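The structure appears below as structure tokens.
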RNA sequence: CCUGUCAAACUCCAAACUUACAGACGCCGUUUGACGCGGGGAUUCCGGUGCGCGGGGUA
RNA sequence: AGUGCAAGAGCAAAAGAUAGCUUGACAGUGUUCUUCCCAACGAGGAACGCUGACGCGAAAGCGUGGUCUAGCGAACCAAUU
RNA sequence: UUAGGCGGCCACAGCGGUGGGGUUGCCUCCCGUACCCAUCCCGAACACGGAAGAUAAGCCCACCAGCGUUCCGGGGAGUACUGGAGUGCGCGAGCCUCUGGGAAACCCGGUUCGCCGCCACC
Ligand SMILES: [Cl-]
Ligand SMILES: [Cl-]
Ligand SMILES: [Mg+2]
Ligand SMILES: [Mg+2]
Ligand SMILES: [Mg+2]
Ligand SMILES: [Mg+2]
Ligand SMILES: [Mg+2]
Ligand SMILES: [Mg+2]
Ligand SMILES: [Mg+2]
Ligand SMILES: [Mg+2]
Ligand SMILES: [Mg+2]
Ligand code: NA
Ligand code: NA
Ligand code: NA
Ligand code: NA
Ligand code: NA
Ligand code: NA
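Residue numbers (the numbering used here), protein chains in the order written: chain U, 1438 to 1577; chain Z, 13 to 168; chain B, 663 to 848; chain R, 92 to 245; chain V, 3 to 97.
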């Protein structure tokens, strides 16, 4: 049963929501791989009328690249609880989000016969705190 | 202007406010009278039943309702009874007020289409039918001949 | 689901199995379809025709019943794909089928992909299929060379027990060779 | 098998109704025809329901009418037992009549005009402004109902 | 009519019931008919091409050859004979 | 939750009915030639009323 | 939601969005419907072909301008190819 | 069909939920990036190569009707409406009779948790 039910880290997105950049450089070193532009939608008063327009970057880290990052990120954070997803996720911080899920997630991310993950097989906020807290730190 | 000009249900239903503007406001003051705080928990229930499909201008609805409720003060401003006029004047009515050239009239009012046998009013009273009298006065101000019907009330 | 007005996709679209827009385009040719499908461990190749109550498969080949002819290697690879195509292609010919269009279902038209390998095989079997040569693999990769060289960077057998340690793109030739004459079910 | 009698004229009656009567071989008031009870025939008689009188007649009545108002496809000739015997498959009027009623044959099949041109009802009919159930003479009749009319128009 | 375009008064006939909404099945857009076959003309709201003038919706013609993939159906408009160019998507076999 | 009402330019529903094609019966046509084809000659393009369904209009 | 603009309709592995590439908004000639129900009538419009040349795509295939219904103009005369 | 591939009808198949299933064979999750191929950044996906592990997802199998849907019984209802007819009624609006058709809402009880085709296969 377990082993295929036990949480794991799938991607950690580090993005800097600026409003118009030079910031990519730090993201590349803080993570270890090229950042991606962040175009915006809708015309708005914050002199942000441009539809297609660089206004921040992000970086999606997977596997070791994600751990080796969290092995310093997490420490720089305190928070927990309430600040957690209903799906077992949490964002802290410059933003650093951590997407958590169980083994058979590809079923919902593949092209052929894809399917949505059953609520039961989903990851709860609780089952999430446990996994992470059980990896170099404390909850609340 | 006379009821003669609008009491018949011969024209098409004309009620789409999305295509009609300048509709006068209804003169009907309220639809729920009496103790509206309480629910129909009364022994007796009389109803005023219209006997012929007709159109009833909001004019007549108001006069009919006032004349009935204004009288239902044989029971007191805070008496124990509830009165309800279930119909609303949806049908918009016009007048061609040039002669018969470009005659589609301009909105002048509204009316409620009632089909023979429907009840336009319903009152709820304890064995104290002063209401039966409030209606002899109500159907006095509406086009049709009417039937004062009592439902829960085998207390004759 | 929500109400009377709710629109529920066709079953095969719910199941995320059939691309109906592509299917119509495919059926336009009025020719038989060469259904190229894959599995983590196998590769299937069918020749389907249109029917009153659904499609009719007139000829097929599965990477599994490949061994039935002397295959002693894995079946989820390039050489496997090609041979299954050729195998289905031949049974196809036997069935009186001369041409077909390449249906790769939900797969991607990536160059040198297994589906195209399947296509190459079916074509060599004798089947006339609309294609484009420089989207196919360069023969060697079809033989299984990319895997042999990959095992050259050995230190540990690419194949857990299986057959050979250094693998055999030659085993590939022996088989293709076999399929090109006589034998049962062909 | 029902007996059909047109009791209302053509003036002002729907054309598609008139054409139905005409398809049923009746082209004048008081003219009568015998029609099998089938789905096809049923719809036709229903369409014509308001300008006609119909019902199943008794063996006797049909015989009386047959004898009194039957005619050859062409000519004056009286259709009597002898005529019937020397010209049809049957031996006498009764035999023909039973055949018609049991819908085994038709006036044409036996060389007879499909139409029985009756006489105005002796004593008059019950009116052409109301159906039978209302005291009139239109619509489906009783076997006893039809007989009376037929006999009065013998 | 206040206008006289081909789609005048076609709100109903060229509209799908909410549930039949969305791309239609390809099976019927590929059906093949033979010359002489009777076919019912009915536009498919979901299929833009291969259409015929809305007025002919409901007609039952006779397939008499084809043009391209489209078919040529003969129908009689009132008392006039007419040839309609229409694709399988909008046809059905009679009986 | 409870409770009071509506739609020519609303529709989860939905007739009667109108209609395409086909078969059946009927009627009709093969000396009264129908269905149809080609040609000659018009008149006609102020209409009106009843009934059903209407749209406008106090009428 | 979006799809240039009325209104009604069509559209979700798209007819929408993003990216890239491309010029089929191509020349020639027809079939049919429409304009004008039935039922004759021009310009115009559309649908669907073919011949030729191309674009894209692995390919089936799609592209006869914009998802569909408005955005149009005779003879004579001029300029133009 | 002890799990598969392509489909037809396109909710009777949707939504939600329960239980069961892989010892050599299948589907998967799964493991892994030298290659073909790939991410405006990530072998996530796509693609390729592969079995250490698992039946927890998916999937297949058995089942539940609470919601949504399809069809049926009984009731609503031969009601509403309506094709044909009337020297029937009504000041009129309109109604009635005969004849031929015939609904919707809703309630109560059943049904429905897909059916079928081709191919492959201890
Ligand atoms: Cl596949
Ligand atoms: Cl057309
Ligand atoms: Mg004679
Ligand atoms: Mg006398
Ligand atoms: Mg009389
Ligand atoms: Mg309409
Ligand atoms: Mg009509
Ligand atoms: Mg177009
Ligand atoms: Mg001039
Ligand atoms: Mg010029
Ligand atoms: Mg399980
Ligand atoms: Na004037
Ligand atoms: Na009165
Ligand atoms: Na559709
Ligand atoms: Na033209
Ligand atoms: Na960019
Ligand atoms: Na499982």
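Each residue gets a CB set at the ideal place from its N, CA and C atoms; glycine is no exception.
Self-check item: Three-pair Cβ contact test at 8 Å for the stretch 752-771 of chain B versus the stretch 786-795 of chain B
Solution: yes
Quiz item: Do you know whose CA, among 103/R, 95/R, 105/R and 172/R, lies nearest residue 145/R's CA?
Solution: 95/R
Self-check item: Bridge partners - residue 1534/U, DSSP secondary structure assignment
Solution: 1450/U and 1528/U
Practice problem: Alpha carbon to alpha carbon, how far is residue 133/Z from residue 21/Z? Give it in angstroms, no decimals. | Solution: 20 Å
Quiz item: With C-beta atoms as the reference, is residue 40/Z less than 8 Å away from residue 126/Z?
Solution: no
Quiz item: Under the three-state reduction of DSSP, which class applies to residue 144/R: helix, strand or coil?
Solution: strand
Quiz prompt | Under the three-state DSSP convention, the category residue 726/B falls into | solution = helix
Quiz prompt | Proximity test, residue 86/V beta-carbon vs ligand 2 heavy atom, cut-off 7 Å | solution = yes
Quiz item: Rounded to the nearest angstrom, how far is the Cβ of residue 743/B from that of residue 780/B, given a contact under 8 Å?
Solution: 5 Å
Self-check item: Among 157/Z, 156/Z, 79/Z and 71/Z, the one whose alpha carbon lies nearest that of residue 149/Z
Solution: 79/Z
Quiz item: What do you reckon, are the CB atoms on residue 799/B and residue 774/B nearer than 8 Å?
Solution: yes
Quiz item: Going along chain U, which residues have a C-beta under 8 Å from residue 706/B?
Solution: Near residue 706/B there are no residues of chain U at all, since even the closest Cβ is about 13 Å away, more than 8 Å.
Quiz prompt | Interface flag, residue 669/B vs chain V, CB-CB below 8 Å | solution = yes
Exercise. Could you say which of 686/B, 763/B, 820/B and 806/B lies nearest to residue 861/B if we only look at CA atoms?
Key: Residue 861/B lies beyond the residue range present for chain B, which begins at 663 and ends at 848; the question has no answer from this structure.
Exercise. Please compile the residues from chain U whose C-beta is within a distance smaller than 9 Å of the C-beta of residue 743/B.
Key: Neighbours of residue 743/B on chain U: none; closest Cβ ~17 Å, over 9 Å.
Quiz prompt | Option nearest residue 682/B by Cα separation, candidates 28/V, 92/V, 69/V and 12/V | solution = 28/V
Quiz prompt | Integer-rounded CB distance, given that residue 187/R should sit under 8 Å from residue 175/R | solution = 5 Å
Exercise. Leaving out five residues on either side along the sequence, give the residues of the same chain with a beta carbon under 8 Å from the beta carbon of residue 15/V.
Key: 45, 56 and 59
Practice problem: Enumerate, from N- to C-terminal direction, the unbroken alpha helix (DSSP H) stretches of 4 or more residues contained entirely within the stretch 25-84 of chain Z. | Solution: 70-81
Quiz item: So, residue 163/Z versus residue 74/Z, is the Cβ gap smaller than 8 Å?
Solution: no
Quiz item: Taking C-alpha atoms, which residue in 228/R, 243/R, 181/R and 147/R lies nearest to residue 214/R?
Solution: 243/R
Quiz item: Thinking C-alpha only, which one of 99/Z, 46/Z and 111/Z is nearest residue 83/Z?
Solution: 46/Z
Quiz prompt | Rounded Cβ spacing between residue 36/Z and residue 122/Z (contact assumed at less than 8 Å) | solution = 7 Å
Practice problem: Using a Cβ cut-off of 8 Å (strictly closer), state whether residue 811/B contacts chain U. | Solution: no
Quiz item: In chain order, what are the residues with a CB under 7 Å from some non-hydrogen atom of ligand 6?
Solution: 13/V and 14/V
Quiz item: Which residue or residues does DSSP assign as beta-bridge partners of residue 79/V?
Solution: 82/V
Quiz item: Of the residues 21/V, 76/V, 75/V and 12/V, which one's Cα is nearest the Cα of residue 663/B?
Solution: 21/V
Practice problem: Report the three-state DSSP secondary structure of residue 212/R (helix, strand or coil). | Solution: coil
Quiz item: Which of the residues in the stretch 746-770 of chain B, read from start to end, lie with their CB under 7 Å from any CB of chain U?
Solution: 768
Quiz prompt | Run of the alpha helix (DSSP H) containing residue 1569/U, from where it starts to where it stops | solution = 1562-1570
Exercise. Could you work out which residue in 1567/U, 1540/U and 1547/U is closest to residue 1440/U when comparing CA atoms only?
Key: 1540/U
Quiz item: Quick one: which chain B residues come within Cβ less than 9 Å of residue 1550/U?
Solution: 677, 678, 679 and 768
Quiz item: Under the criterion of a Cβ to heavy atom distance below 7 Å, does residue 25/V qualify as lining ligand 14?
Solution: yes
Quiz item: Do the stretch 803-814 of chain B and the stretch 106-120 of chain R make contact, defined as three or more Cβ pairs closer than 8 Å?
Solution: no
Quiz item: Is the CB of residue 709/B under 8 Å away from at least one CB in chain V?
Solution: no
Quiz prompt | Whole-angstrom distance between residue 722/B and residue 759/B, CA atom to CA atom | solution = 12 Å
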